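Structure first, commentary second.
Because the Cβ atoms are built from the backbone with ideal geometry, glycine has one as well, and the counts that use them run over all protein chains shown. Basis: the model, the stated rules and, where named, an outside source; none is laboratory data.
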Amino acid sequence: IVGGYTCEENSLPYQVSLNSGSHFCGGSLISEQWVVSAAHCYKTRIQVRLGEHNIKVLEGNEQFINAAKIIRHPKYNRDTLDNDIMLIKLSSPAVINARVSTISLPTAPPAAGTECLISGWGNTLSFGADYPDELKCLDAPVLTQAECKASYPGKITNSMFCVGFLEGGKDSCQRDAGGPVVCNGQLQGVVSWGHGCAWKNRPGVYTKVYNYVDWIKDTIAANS
Amino acid sequence: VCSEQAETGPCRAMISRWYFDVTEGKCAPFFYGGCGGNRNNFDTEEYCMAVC
Ligand SMILES: [Ca+2]
């Protein structure tokens, strides 16, 4: 997260981190057994970490659970990043509490101008690398479709939308992928891609969770 | 292929990888975003030095 601030200690109970040798992506806990992330974050083996704030410091609230099923969207396009969304089924149910909890699936599409909350342990610099140990947040508006298509001519698909600032300075970044965009208490977005981080006229591009609500439900039922 | 700059690409994941650096004449680590970029991009240093 570039241009953001440190999240309050217990505030995003649904934020998760995906882990192999190390933290490489975020995710969102949507039921006690299922996580939403990005398809491009797919690995063959993933441990999920819940209840985290400082990924380097054991604080006592964390749950570490291995993925038992990792499921990319059937129509995910590796060249266009169309349908960049993924489900992880945890091998045991997460224990729901003050520090580990579910975020709602959207009941409607995002509306331009809505202020959202984006979070993750992503890079905090637009040039160079500075990876944080503590969870960062960013308040950012949903942009209009015109704004989104103008910044990325010929690249915005039906599964994509933009959140951020055309003037740059504030954005998600590397290691934020798969993490949540939350608007009015609902998960509207999955961190996906962008040109640079926080560059002028290159807002972050996100997967539109609302378009996969039926897919999410059916997949969860098919794998119960 | 062995002379492309290390490109992290548009995706926002953080994946430890290797590229050949012409200036240093040896392979080095970089963080790759997980999609796009170019072929100067290896999983291991040994494999990088193998190709470059
Ligand atoms: Ca911790």
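Just a few scattered comments:
- Every residue from the range A:168-189 that is crowded, with 24+ Cβ neighbours inside 10 Å and either more than 10 Å from chain B (Cβ to nearest Cβ) or outside any strand (DSSP E or B) (or both): A:172, A:173, A:174, A:175, A:176, A:177, A:178, A:179, A:180, A:181, A:188, A:189
- Selection status of residue A:49, within 11 Å of the ligand (Cβ to nearest atom) and basic (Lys, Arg): yes
- For the range A:187-212, the set of residues classified as among the β-branched types (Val, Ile, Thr) and either closer than 12 Å to residue A:36 by Cβ or not assigned by CATH to the domain that holds residue A:156 (or both) consists of A:190, A:191, A:207, A:209, listed by residue number.
- Scan the range A:14-45 for residues that are more than 14 Å from the ligand (Cβ to nearest atom), crowded, with 18+ Cβ neighbours inside 10 Å and under 16 Å from the mean Cα position of the chain (by Cα) and the total you get is 18.
- Residues being surrounded by 18 or more Cβ atoms within 10 Å (Cβ to Cβ) and out of contact with any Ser or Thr (no Cβ under 9 Å at 6 or more places or on another chain) - total across the range B:35-47: 3
- Of the residues making up the range A:55-93, just one is within 16 Å of the ligand (Cβ to nearest atom), touching a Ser or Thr at 6+ places or on another chain (Cβ under 7 Å) and under 20 Å from residue A:187 (Cβ atoms), namely A:65.
- Scoring residue A:192 on the criteria (1) away from chain B (no Cβ under 14 Å); (2) crowded, with 22+ Cβ neighbours inside 10 Å; (3) of a type in the set (S, T, N, Q) leaves a single failure, condition (1).
- Where a residue in the range B:29-52 is without any contact (Cβ under 8 Å) to a residue 24 or more places away in the chain and within 28 Å of residue A:77 (Cβ to Cβ) and its partner, wherever it lies, is of a type in the set (S, T, N, Q) and assigned to a loop (DSSP other than H, G, I, E, B), with Cβ under 9 Å and at least six apart: B:31/A:123; B:31/A:174; B:31/B:8
- Among the residues of the range B:6-37, those identified as within 14 Å of chain A (Cβ to nearest Cβ), of a type outside the set (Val, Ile, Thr) and assigned to a loop (DSSP other than H, G, I, E, B) are B:6, B:7, B:9, B:10, B:12, B:13, B:14, B:33, B:34, B:35, B:36, B:37.
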